[PDB]
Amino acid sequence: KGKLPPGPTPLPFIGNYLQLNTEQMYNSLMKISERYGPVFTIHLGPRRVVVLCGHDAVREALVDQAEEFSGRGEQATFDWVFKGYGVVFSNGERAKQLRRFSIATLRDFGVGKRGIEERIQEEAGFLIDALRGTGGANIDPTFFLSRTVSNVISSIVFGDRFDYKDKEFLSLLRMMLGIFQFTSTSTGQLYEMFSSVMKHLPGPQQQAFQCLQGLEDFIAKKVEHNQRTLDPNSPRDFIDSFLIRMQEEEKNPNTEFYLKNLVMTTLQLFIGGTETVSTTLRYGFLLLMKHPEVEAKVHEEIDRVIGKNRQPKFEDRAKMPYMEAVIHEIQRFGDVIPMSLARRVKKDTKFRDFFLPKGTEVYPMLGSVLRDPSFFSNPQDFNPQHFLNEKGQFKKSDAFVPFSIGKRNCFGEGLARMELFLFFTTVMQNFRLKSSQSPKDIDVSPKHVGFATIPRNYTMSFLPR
């Protein structure tokens, strides 16, 4: 039929604003889906976007027509500081160049090997100390977790970990949490529509830019330091590596390796490798307290497979199917990045008898995939059985796509999975979770759902086993 997907009729400038709700974009987009189908067109202000709902539609596009959908779309709040630079929000040659360099530079510093595992196990041991540091008192786990997580990716890029007491470190973590929380509030989602005007007006968005400007300034600082303490044959970290390449590409006018890409790519890995994992852990513990029966089974498997003395190791997962189903169930229910990171068609495309012209933005509704009623029997509930078969063995699912799928998929998935398995397991081995309220009253529903999925604020206590 050679034509763009159908959808609600837009008014000038505001688009389909009146047919949406900034506080609940996902729900609003799904409602519209009920009427136009799993694949439709919506206008976020002047942003013409094609929405993909359900596993089938998403896998077809991002995987079956991968190259066609390999373009990177936009996220206005982040593009405020990134402006198309860095590996995450760049396109074409710039993205091809930075992405390839990032993956390799990550493998050279241990990602996917013994070095990174040992670094994660060491940081895990530091979390344990910190948790015992509480003496079982009821606390907000938020920053206990992000400090631990952030130090993993920090080791890669900045060269070493941060001190848990380092106050500038706390400051940087508050900025990351503040930014992810803002992009999920209705104002943050309204800004996705009217950034052209909102970026110049007073309001919460300004505070969000300050936090981004604060993380950039910090990155710029560290880079300068590395720039004047650099050993061109011995790179200390990601930043030194990039610098090496930069010096090596000075006589090339068209290189993609210059200061701005270094700063942004770094700020992106720092933020990306922190908040997403931190949020996942934070939500997961909430879910475990809400479900004692599960915490109990996790303990049975941990005690049996690992014991109480040695540290859990990554390979231990092959022997812990239940613990594996849990982490998946946590990522599925969590739905951390509900609408993934926008994609855009790299060139005119024919999709399911629809025409998508070059440049069209795409919204892969990963949340609609993690809950596709056709791959999970009770999508709305937290049930590890979703990833286990009859004999209690780990069962994979094609609908499991928290890291998205396709050519611009999360290349931090490996590190994230190793972190999630080592952190959850090691904490569960050493503690039992005491929530501050009767399980039945615990609210596991989200506080904010926008660019991210944010669990509700809560306190708990870690009692020694």
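Numbering starts at 1 and runs along the sequence shown.
Just going by the entry, 295 to 303 versus 333 to 341 on mean CA temperature factor gives the higher value to 295 to 303. For the pair 225 to 233 and 93 to 101, the mean B factor over Cα atoms is greater in 225 to 233. Across 310, 328, 199, 72, the greatest Cα temperature factor reported in the deposited entry is at 310. Going by the entry's values, 377 shows the largest Cα B-factor out of 181, 279, 148, 377.
Per-chain ranking of the deposited C-alpha B factor places residue 9 in the highest third.
The deposited CA B-factor of residue 430 belongs to the middle third of values across its chain.
Sort the modelled residues of the chain by CA B factor and residue 444 lands in the middle third.
When the CA B factors of the chain's modelled residues are split into thirds, the value for residue 210 lands in the highest one. Among the modelled residues of its chain, residue 324 has a C-alpha B-factor that falls in the middle third according to the deposited record.
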